[PDB]
Amino acid sequence: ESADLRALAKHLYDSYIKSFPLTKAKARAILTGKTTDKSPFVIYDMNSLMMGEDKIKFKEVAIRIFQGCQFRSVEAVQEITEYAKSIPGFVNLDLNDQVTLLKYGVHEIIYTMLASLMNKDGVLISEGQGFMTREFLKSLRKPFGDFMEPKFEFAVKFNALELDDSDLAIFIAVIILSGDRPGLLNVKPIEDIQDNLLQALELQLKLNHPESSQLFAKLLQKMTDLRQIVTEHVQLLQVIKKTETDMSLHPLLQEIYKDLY
Amino acid sequence: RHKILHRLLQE
Ligand SMILES: COc1cc(O)c2c(c1C(=O)NCc1cc(CCCC(=O)O)cc3ccccc13)OC1=CC(O)=C(C(C)=O)C(=O)[C@]12C
């Protein structure tokens, strides 16, 4: 029944709204000026960064920004975990599998959602109260510059797909419910849940994007792209935590990364 | 391990 599939899409959309404060729609309203609110403070260099500390925040610059990125990631992992628990069937899974699904899925989700807050010139930060330029971020002394730029590369391509928050809610749920994550104990219930989510996604894209018949197939590909970009991200992280003497990695990130074979 | 993720999940 399609009605069941549409009600599921709607349920996920409503949960998505409750879990993620700054949506792509709200992100775009800010980036376009549609909102009469105070525009976001623009951080384009070391100087502007210093000036906007009190507007984005409620050691050298490179490490300073890397640290900030970790804090956002920690916060996103909590929001993503909350959204995951709202996915029908998720909390009824074995606890150990819930953790595994999160361990391997959160960062692919972070990459996906970061796209909603970016354009070719920069990324919205601090719930849209700040905007840091891509040029400033990629100029950061290596290996930090190369740490940032990859997210933007993905976003520019992903954004060309023109998904909205409604499409994203299901896309994200499908990713979280991947039954091929290393170490899963009860794969069948996960795959059953994902197969239904996939049908919901396919219907969603067919109704919401009638003019783009290839969107479903392209998103399935993005899912595989995200794993590759994640592996590279993890590797890129390994080098930083062992070459940068003063690199405290947040406890949550350590947990996630530890033994991510 | 994953004590934090466990906490968040049963939260
Ligand atoms: C340029 O990014 C940021 C710069 C930045 O200055 C900050 C960011 C981000 C931010 O939103 N981070 C998102 C983000 C996260 C990761 C993941 C890296 C860590 C990991 O998950 O392994 C990679 C990215 C690449 C490009 C753009 C944004 C990326 O979010 C922040 C959180 C804080 O609590 C801060 C504080 C209190 O100092 C910051 O200082 C903020 C305001």
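Residues 235-292, 303-505, in that order, are what chain A shows, numbered as in Swiss-Prot.
A Cβ is built for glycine as well, from the same backbone N, Cα and C atoms used for every other residue.
According to Swiss-Prot, of the candidate residues A:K252, A:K258, A:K303, the site noted as ubiquitin cross-link is A:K252.
Together with A:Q314, A:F315, A:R316, A:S317, A:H351, A:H477, Swiss-Prot lists one candidate of A:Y501, A:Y505 for binding rosiglitazone, that being A:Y501. Cross-referencing A:242-250, A:324-332, A:342-350, A:495-503 with Swiss-Prot places the feature motif '9aaTAD' at A:495-503. If you count neighbouring Cβ atoms within 10 Å for each of the binding-site residues A:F315, A:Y501, the highest count belongs to A:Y501. Taking a Cβ distance under 6 Å to any atom of ligand 1 as the criterion, the recorded positions A:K252, A:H477, A:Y501 reduce to none. With 10 residues not built between them, A:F292 and A:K303 place their Cα atoms 19 angstrom from each other. When the neighbouring Cβ atoms lying within 10 Å are counted for each of the recorded positions (A:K252, A:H351, A:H477), the highest count belongs to A:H351. Proximity of A:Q314 (rosiglitazone binding site) to non-local residues of its own chain (separation of 6 or more, Cβ distance below 8 Å) is seen for A:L493, A:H494, A:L497, given in sequence order.
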